[PDB]
Amino acid sequence: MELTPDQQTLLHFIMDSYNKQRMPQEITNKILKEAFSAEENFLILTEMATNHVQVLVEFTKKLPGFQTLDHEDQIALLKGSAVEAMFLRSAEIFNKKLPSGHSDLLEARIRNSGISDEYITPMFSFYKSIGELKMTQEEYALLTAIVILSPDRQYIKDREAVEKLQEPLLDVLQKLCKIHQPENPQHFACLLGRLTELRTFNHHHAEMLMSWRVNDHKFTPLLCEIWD
Amino acid sequence: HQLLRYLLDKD
Ligand SMILES: Cc1cccc(C)c1Nc1c(-c2c(F)cccc2F)nc2cccc(C)n12
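Those protein sequences? They're chains A and B, same order as listed. 247 is the number of the first residue of the first sequence in the entry's author numbering; add one for each residue after it. 746 is the number of the first residue of the second sequence in the entry's author numbering; add one for each residue after it.
This is the structure:
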């Protein structure tokens with residue numbers, strides 16, 4: 247029925263940090279000006295990807311309790327959650343942050359950057375599937391924190407410490423569903439569906455990067471070596 | 746490792 251004062255505090259801290267994330271206008275304006283070529287389209291996606299990485303780290307550092315974790319575990323979580331958090335934020339940018347005209351041109355650019363349909367089709371399918379949920383800013387922020395604070399990432403030394411940080415967030419999210427959608431008890435279940443849908447991108451993204459060869463314009467060592 | 750380590754540890 248109501249969030250406890252402690253849950254309200256946790257939500258406020260997540261919301262404040264999430265609302266501060268921004269994709270700069272300098273990047274967004276390039277979508278309407280740059281040449282419509284595979285090389286220029288991919289350069290825009292490179293700029294977006296680097297902004298996604300910087301935003302992910304700044305959001306993560308501010309997550310309540312993240313600073314209390316073992317330093318190596320902090321890195322393991324960032325590395326492990328990077329793809330999922332990037333795909334989740336890219337869905338928010340595409341569906342909510344960009345005006346219709348910018349999103350139509352961004353899609354045009356994504357589809358003409360020389361990337362195989364094998365990786366482009368699941369991306370727009372995910373954007374549509376998440377778009378159906380009409381997710382609030384609170385749901386986007388909590389889902390992002392939940393993805394980042396996943397205790398089953400590779401090479402975490404103290405998983406129980408991560409579990410203690412992730413569990414209050416899942417509790418707040420389910421309570422928010424009960425408060426905002428009391429007639430729809432399957433709403434939290436629908437949000438969980440997006441978590442597993444996000445997990446499938448771990449392999450799709452890794453296969454995508456491996457499909458681009460060293461001499462190709464798409465090979466971007468700054469981003470690709472985060473996973474190599 | 747390099748990039749994620751720098752971004753986390755910087756102020
Ligand atoms: C912004 C964008 C949109 C659609 C497709 C792509 C390839 C991108 N950009 C990249 C992403 C990426 C992301 F940033 C968000 C979502 C999904 C992602 F595949 N990952 C990487 C890794 C190396 C280089 C780039 C250009 N790149």
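Don't be surprised by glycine CBs; every beta carbon is placed ideally from N, CA and C.
Boundaries of the alpha helix (DSSP H) in which residue i is found, first to last residue
i	result
A/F372	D363 to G377
A/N275	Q271 to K276
A/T292	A284 to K307
A/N358	It is not in any alpha helix (DSSP H) - A/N358 carries neither H nor E in the DSSP assignment.
A/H258	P251 to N265
A/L468	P467 to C470
B/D754	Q747 to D754
A/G326	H317 to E338
Q. Name the residues in the segment 293-306 of chain A whose C-beta lies less than 7 Å from a C-beta of chain B; which are they?
A. For the segment 293-306 of chain A, residues whose beta-carbon sits nearer than 7 Å to a beta-carbon of chain B comprise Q300 and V303.
Q. Taking the runs of the alpha helix (DSSP H) that are 4 residues or longer, which of them lie wholly in the segment 388-450 of chain A?
A. You should have 405-426 and 433-445.
Q: Mind checking the segment 306-331 of chain A against chain B and listing, in chain order, the residues whose C-beta falls within less than 7 Å of any C-beta there?
A: Listed by position along the chain: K307, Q320, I321, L324 and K325.
Q. If you measure beta-carbon to beta-carbon, which residues of the segment 426-452 of chain A are closer than 9 Å to chain B?
A. Answer set for the segment 426-452 of chain A: empty.
Q) What are the residues of the segment 398-409 of chain A that lie near chain B, defined by any Cβ-Cβ distance shorter than 9 Å? A) Within the segment 398-409 of chain A, not one residue has a Cβ closer than 9 Å to any Cβ of chain B.
Q | Contacting positions in the segment 458-470 of chain A - beta carbon closer than 8 Å to chain B | A | Under the 8 Å Cβ criterion, the segment 458-470 of chain A contributes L468.
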